[PDB]
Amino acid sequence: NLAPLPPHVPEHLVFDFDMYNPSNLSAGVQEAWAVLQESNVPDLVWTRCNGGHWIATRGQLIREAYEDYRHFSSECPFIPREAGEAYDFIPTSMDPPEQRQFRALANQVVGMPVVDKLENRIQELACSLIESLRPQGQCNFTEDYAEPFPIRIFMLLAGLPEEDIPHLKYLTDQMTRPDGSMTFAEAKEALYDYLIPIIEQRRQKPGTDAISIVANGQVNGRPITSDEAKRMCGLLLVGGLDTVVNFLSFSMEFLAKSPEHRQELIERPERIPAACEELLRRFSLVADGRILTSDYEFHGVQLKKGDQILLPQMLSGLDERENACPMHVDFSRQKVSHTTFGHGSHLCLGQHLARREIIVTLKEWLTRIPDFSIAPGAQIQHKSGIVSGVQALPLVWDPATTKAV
């Protein structure tokens, strides 16, 4: 279902990519998107899928568009338009200078000092989950670790019940990897129905949890309103449930196929941090965009006011003009260039949390289960969207090679 080409779009600029169902998904998600960077594709294309939008395909362009909030506005950051329209998360749906106050608050909750404080729990849960899997010789990494690990840590931080997971997760998924089961507005609404009561409760009887801090926070000298906290929390929620979760599966699928990368990390542990960055580059997974605030000519292409453009954070570090041999994982690169956690005034506040969770998982997994692989005859399937994922990841290992700690 391609939408009629608008009048201002040169036919030569057309490239019908479907961000929800790219063509060589079988090959891997990062690989399917990378088709955008082939010599035959102009740097800035127009796709007729999902109602029609621009896509920047190169690091240089994505970064410029990200810096440029005057022209490229966060008001409508999701594609399709209905989604972008219904999107009202804070701070993500705001441009500077407005964004800055809400960002300051979100930081109080997810920032550096919070991670430092939660560090021992993170390590505690990782080790527990792994040790529990270890003797089994087999898991579903996605359902067995990648989901529980990050989510339980978040539920804790947010002071929310683990029983709510199933429900919240379904709604979060609907927003990034739409299923057809519900529209974006419906999904946002159900999440909002959830939060409202909880925020109410915490405005009256404050805790020390994330939600309590948000609901009682100060923005621009005055007190945050209720709709405002609702909208911040809604974002924290998607960040908590949907990001780290997917990333670990990409990375673990990779480790499962690369004995030499595993070994490298085992003998030369000082490399984990470097390795983590390299995986964040190669297994980048978020794609959102911006809306034109006006007609603007960008790299000789005429953008019209109201046009949405997808600026795939995922594409930046996959760009050969940025990283030599991009599809190849090399823990010893002189420079790992990516925009995995975004660029401009919107940089991930939760990046520090995300990194700690990754680094712990690698260290702790490898310590106990040094040798593992993909289950024989399992076909790993990727999923595309705003946040890309792995459907399921069946692993196998010989318990005799594991190490209890």
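Each residue number is its position in the shown sequence, starting from 1.
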Checklist entry - On average, which has the higher Cα B-factor in the deposited entry, 72 to 80 or 188 to 196? => result 188 to 196
Checklist entry - Between 308 to 316 and 115 to 123, which has the larger average Cα B-factor in the PDB entry? => result 115 to 123
Checklist entry - Looking at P273, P148, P178, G289, which has the biggest Cα B factor in the entry? => result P178
Next on the checklist: So if I compare the CA B-factors in the entry for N246, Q334, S93, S128, which one is the largest?
Outcome noted: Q334
Item to check | Chain-wide C-alpha B factor ranking for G344, given as lowest, middle or highest third | outcome: middle
Checklist outcome for this item: So, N24's CA B-factor, relative to its chain, sits in which third? The highest
Checklist entry - In terms of the chain's CA B-factor thirds, is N50 lowest, middle or highest? => result middle
Checklist entry - Where does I380 sit by CA temperature factor within its chain: lowest, middle or highest third? => result highest
Checklist outcome for this item: The third of the chain into which the C-alpha temperature factor of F89 falls is the middle
